[PDB]
Enquirer: 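First the structure, which I've put down as structure tokens, then a few questions once you've had a look.
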Amino acid sequence: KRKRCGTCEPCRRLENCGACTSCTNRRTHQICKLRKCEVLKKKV
DNA sequence: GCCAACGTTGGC
DNA sequence: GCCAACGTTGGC
Ligand SMILES: [Zn+2]
Ligand SMILES: [Zn+2]
């Protein structure tokens with residue numbers, strides 16, 4: 001697993017949105033879509 | 001042991 | 001080609 005960059009706009013966000021697939025569907029095991037690190041959205 | 005969330009992949 | 005679902009790690 002890679003680590004989030006910590007400094008992109010999504011990484012800086014503190015709150016989960018509550019409304020995306022991640023936030024409403026905890027079965028996904030994903031971070032809030034608005035918080036997903038821009039670096040991690042690119043495949044290795 | 002809990003909890004958050006990354007990597008993979010099957011289903012579309 | 002995308003992404004929801006699952007298995008898994010890794011910080012604590
Ligand atoms: Zn969200
Ligand atoms: Zn980031």
Side-chain angles (χ1 to χ4, degrees), chain A residues 1-2 4-14 16-25 28-32 34-41:
Chain A
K1 286 160 158 73
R2 292 176 296 161
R4 74 186 184 107
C5 81
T7 67
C8 71
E9 179 275 339
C11 280
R12 296 176 184 200
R13 201 187 283 235
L14 305 167
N16 292 327
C17 78
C20 65
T21 40
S22 299
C23 286
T24 55
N25 191 345
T28 63
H29 312 171
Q30 302 301 310
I31 197 177
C32 178
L34 297 183
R35 299 184 78 175
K36 185 72 189 198
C37 170
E38 302 285 14
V39 181
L40 299 182
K41 290 179 185 181

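These numbers come from the heavy atoms of this one structure, side chains and all, not from hydrogens, waters or symmetry mates. Here is how names work: the chains are called A, B, and so on, in the same order as the sequence lines, proteins then strands, and each is numbered from 1.
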Enquirer: On the nucleotide B:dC6, are OP1 or OP2 found under 4.0 Å from the side-chain N or O atoms that A:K41 carries?
Expert: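 Answer no for this pair, as no side-chain N or O of A:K41 is under 4.0 Å from OP1 or OP2.
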
Enquirer: Could you tell me whether A:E9 and A:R12 have a side-chain N and a carboxylate O separated by less than 4.0 Å?
Expert: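 Here A:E9 does not pair with A:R12 in a salt bridge, since their nearest N and O are not under 4.0 Å apart.
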
Enquirer: Ring-on-base stacking between A:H29 and B:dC6, under 5.5 Å between centres and under 30° between planes: is it there?
Expert: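 A stacking contact does not exist, since A:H29 is not both close and nearly parallel to the base ring of B:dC6.
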
Enquirer: Below the 4.0 Å mark, does B:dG7 have OP1 or OP2 next to a side-chain nitrogen or oxygen of A:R2?
Expert: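 Yes, A:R2 has a side-chain N/O under 4.0 Å of OP1/OP2 on B:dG7.
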
Enquirer: Could you check how far NZ of A:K36 sits from P of B:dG7, rounded to whole Å?
Expert: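 A:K36 atom NZ is separated from B:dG7 atom P by 6 Å.
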
Enquirer: Name the closest nucleotide to the A:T21 side chain, picking from C:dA4, B:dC6, C:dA5.
Expert: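 Ranking C:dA4, B:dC6, C:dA5 by closest atom to the A:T21 side chain puts C:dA4 first.
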
Enquirer: Choose from C:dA4, C:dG7, B:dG7 the nucleotide whose nearest atom is closest to any side-chain atom of A:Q30.
Expert: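 Of the candidates, B:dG7 comes closest.
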
Enquirer: Distance from A:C11 atom SG to A:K36 atom NZ, nearest 0.5 Å?
Expert: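 Reported to 0.5 Å precision, the distance equals 9.5 Å.
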
Enquirer: Got a second to check how far A:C5's SG is from A:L40's CG, nearest 0.5 Å?
Expert: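 Rounded to the nearest 0.5 Å, the SG-CG separation comes to 7.5 Å.
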
Enquirer: Rounded to whole Å, how long is the line connecting atom CD1 of A:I31 with atom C1' of C:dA5?
Expert: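 About 18 Å, once rounded to whole Å.
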
Enquirer: About how many Å separate CD1 of A:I31 and CG of A:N16, when rounded to the nearest 0.5 Å?
Expert: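 Atom-to-atom, A:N16:CG and A:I31:CD1 are 7.5 Å apart.
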
Enquirer: Could you tell me the separation between the CG atom of A:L40 and the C1' atom of B:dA5, rounded to a whole number of Å?
Expert: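 Whole-Å distance recorded here is 10 Å.
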
